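Colleague:
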Amino acid sequence: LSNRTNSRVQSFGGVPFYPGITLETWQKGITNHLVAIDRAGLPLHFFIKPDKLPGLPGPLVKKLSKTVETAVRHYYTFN
Amino acid sequence: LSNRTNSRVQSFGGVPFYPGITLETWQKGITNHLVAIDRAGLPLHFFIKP
Amino acid sequence: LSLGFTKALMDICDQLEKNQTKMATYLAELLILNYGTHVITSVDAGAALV
Amino acid sequence: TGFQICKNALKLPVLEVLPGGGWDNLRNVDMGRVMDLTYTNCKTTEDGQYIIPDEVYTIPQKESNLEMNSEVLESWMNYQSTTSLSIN
Amino acid sequence: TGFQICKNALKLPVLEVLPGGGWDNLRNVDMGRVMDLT
Amino acid sequence: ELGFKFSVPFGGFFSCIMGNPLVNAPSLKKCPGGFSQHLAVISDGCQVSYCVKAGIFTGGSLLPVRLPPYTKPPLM
Amino acid sequence: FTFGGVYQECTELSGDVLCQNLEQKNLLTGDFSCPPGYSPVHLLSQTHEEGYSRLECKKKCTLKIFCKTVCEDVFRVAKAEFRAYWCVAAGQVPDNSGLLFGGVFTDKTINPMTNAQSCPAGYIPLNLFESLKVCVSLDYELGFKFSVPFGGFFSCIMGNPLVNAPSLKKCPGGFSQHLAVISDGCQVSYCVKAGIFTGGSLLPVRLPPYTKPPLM
Ligand SMILES: *[C@@H]1O[C@H](CO)[C@@H](O)[C@H](O)[C@H]1NC(C)=O
Ligand SMILES: *[C@@H]1O[C@H](CO)[C@@H](O)[C@H](O)[C@H]1NC(C)=O
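Protein chains in written order, with PDB author numbering: chain A, 267 to 345; chain B, 267 to 316; chain C, 167 to 216; chain D, 29 to 116; chain E, 29 to 66; chain F, 516 to 539, 548 to 599; chain G, 376 to 539, 548 to 599.
In structure tokens:
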């Protein structure tokens, strides 16, 4: 006789799994434990505007945005 | 012997589906979960008026 | 905007005003390290189990 | 900017999945917080489960996907041979 | 624009599916809240 | 009237082997004018597409709710 | 460049059981061919074996008077060779009359172009290999706003002929190669812009503004 039972369980969020929990309890246990599975973002240099920072002048924040975006470009090109 | 079972569930609103639920409880559990199944909008340039 | 990030922008602007491109690049790289490349604008809270 | 007052007043857990942080697309981890989150008004979610900060809003795009693929392959092979010889 | 007072008063949850948000016709996702909900 | 209030102006049909004859006899599988082609059905690998105005169908789940005004707010 | 379509020819060498679903004609022509103005290019030709048990009943009559229906089961290993080709723009093809590439996905991989093992709206899943699906999009605006301009395919034995007849498995221009599927050790890759595909789980939500911030 030969018996081989392999179970691989991968969880993201919710109550941690173990063989002693039913699927109902796992599904109802996600009331507090939450994990972001998907997300979207925007480049950081696009929010830099005098409209976002009225305190600073125009050309100063413009140069700030220019150096930030060229830093990002150098960062992406290095790798 | 060969057995093949394929289940696909696609929900929109309501209690998160699990194998151990009947449709009665699912329908009675919609009293607090709802998602916009349909929508209708207007152009935003149409609002900014005197 | 967050206080630390605004302060970092203030420091970068002040360094640029002094006509110094040496420390400006290093500070920009440090800011990139501290605050990543993209600011998250939307997330999808949820759970998964395989 | 402390939400402990919200917890004491509403006795409800605040949402732990909050956007607005800086994310590197290269190594894919969080580096810090760029947005400021405030709890002056203790803005609660619609369904009464969390108290999001005043700088975010939640859309209830509740979706559930469950897939179950169970494949069973059974094989059996039995062979019986009974040989009887008698010489008298 | 806090509806919590209504929750403490009537002890009855609030509607989550609410209009007035901006919807992009291209990627089809909400982008922000335009109308004010009092 | 029901067609005018619900239907969309049509451009023509064309398939994997035959094109719209309204282009301007050679036949080309290309929607004429400002009409764009959109897929309708696939029959054993033969593509079927129809030509309609691009303004109506924009590829969004949002309902094309267009009624009044029939002119922009007139200037002073 | 311009991608005119793909088609997978299926040739049966024993029986007619494996080519019933593993064949796929060209989308634009409805056959195993290429649209006018395109040059069919051998992408990859490979083989596939599969064992199946067929039960067949035969009515055998011995001496024309002893007739009997006997049913027998035979386990046959069907062999079929499948050839996938692809249509590239031979010259100045009319624009924008052509097809676009919306990404690929398999049963074991994930397609970042849609973050899911499927295709976006306005995309048809077309079968090229035993497990490779290609998202094929027809609308001009839908492809322009969702799909990505394409450079060409190449395989373990054939390269992209658009390099500038010797064949090199190199992406021309600023385009980059990325894996699509593995078919019995033969690497399959496609050339696309490196900017759109950065290998990050972040969704490339690039919309407005369409310009860097204008100076005062
Ligand atoms: C273990 O072996 C027995 C045979 O004695 C078999 O019936 C059973 O399916 C095997 N697996 C488990 C999980 O018991
Ligand atoms: C599984 O196999 C058995 C045969 O033992 C069959 O009766 C049954 O319908 C199959 N499916 C399920 C879901 O049990």
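From the three backbone atoms N, C-alpha and C, an ideal C-beta is built for every residue, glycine too.
Could you check if B:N269 belongs to the surroundings of ligand 1, using beta carbon to heavy atom distance under 7 Å?
Modeller: no
Colleague: Where do the N-terminal and C-terminal ends of the beta strand (DSSP E) with F:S572 fall, by residue?
Modeller: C569 to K576
Colleague: Nearest-angstrom Cα distance between A:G307 and G:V463?
Modeller: 35 Å
Colleague: Quick check: the Cα distance between G:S522 and G:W461, rounded to an integer number of angstroms?
Modeller: 18 Å
Colleague: Would you mind giving the Cβ-Cβ distance between D:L101 and D:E83, rounded to the nearest angstrom? I have them listed as a contact below 8 Å.
Modeller: Actually they do not touch by this definition, with Cβ atoms about 55 Å apart.
Colleague: In this structure, does DSSP put G:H423 in helix, strand or coil?
Modeller: In the structure shown, G:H423 sits in a strand (DSSP, three-state: E or B).
Colleague: According to the Cβ coordinates, are F:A563 and F:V571 closer than 8 Å?
Modeller: yes
Colleague: Buried or exposed for C:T203, please, with buried defined as at least 16 other CB atoms from any protein chain shown within 10 angstroms of its CB.
Modeller: buried
Colleague: Determine, for B:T271, whether the minimum Cβ-Cβ distance to residues of chain D falls below 8 Å.
Modeller: yes
Colleague: Bridge partners for G:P500 per DSSP, in chain order?
Modeller: Answer is G:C510.
Colleague: Buried or exposed for F:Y573, going by 16 or more other Cβ atoms inside 10 Å?
Modeller: Per the 10 Å Cβ criterion, buried.
Colleague: Assign A:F283 to one of three DSSP states: helix, strand, or coil.
Modeller: coil
Colleague: Taking the C-alpha atoms as reference points, what is the distance between B:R270 and D:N97?
Modeller: 7 Å
Colleague: So what's A:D304 in DSSP terms, helix, strand or just coil?
Modeller: strand
Colleague: If you reduce the DSSP assignment to three classes, tell me which class C:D180 lands in.
Modeller: helix
Colleague: Nearest by alpha-carbon distance to A:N272: which of A:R305, A:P285 and A:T297 is it?
Modeller: For the residues A:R305, A:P285 and A:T297, the minimum Cα distance to A:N272 belongs to A:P285.
Colleague: Return the first residue and the last residue of the alpha helix (DSSP H) that F:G518 is part of.
Modeller: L517 to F521
Colleague: Rounded C-beta distance between G:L501 and G:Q399? I'm assuming under 8 Å.
Modeller: 6 Å
Colleague: Could you tell me the boundaries of the alpha helix (DSSP H) in which B:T271 lies?
Modeller: No alpha helix (DSSP H) contains B:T271, which is instead part of the beta strand (DSSP E) from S268 to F278.
Colleague: Chain B partners of E:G60, CB-CB under 9 Å?
Modeller: The premise fails here: E:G60 is roughly 10 Å from chain B at the closest Cβ pair, so nothing lies under 9 Å.
Colleague: Count the CB pairs spanning the stretch 415 to 427 of chain G and the stretch 381 to 401 of chain G that are closer than 8 Å, and state whether there are at least three.
Modeller: yes
Colleague: In three-state DSSP terms, what is G:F480?
Modeller: strand
Colleague: What are the boundary residues of the alpha helix (DSSP H) that includes residue 15 of chain E?
Modeller: Any property of residue 15 of chain E remains undetermined from this structure, which presents chain E solely from 29 to 66.
Colleague: State the beta-bridge partners of A:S331 as determined by DSSP.
Modeller: The partner list for A:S331 (beta bridge, DSSP) is empty, contrary to what the question assumes.
Colleague: If you reduce the DSSP assignment to three classes, tell me which class C:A190 lands in.
Modeller: helix
Colleague: Kindly list, in the order they appear in chain B, the residues whose Cβ is closer than 7 Å to that of E:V45.
Modeller: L300, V301 and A302
Colleague: Run through chain E and tell me which residues come within less than 7 Å of B:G307, C-beta to C-beta.
Modeller: Within 7 Å Cβ-Cβ: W51.
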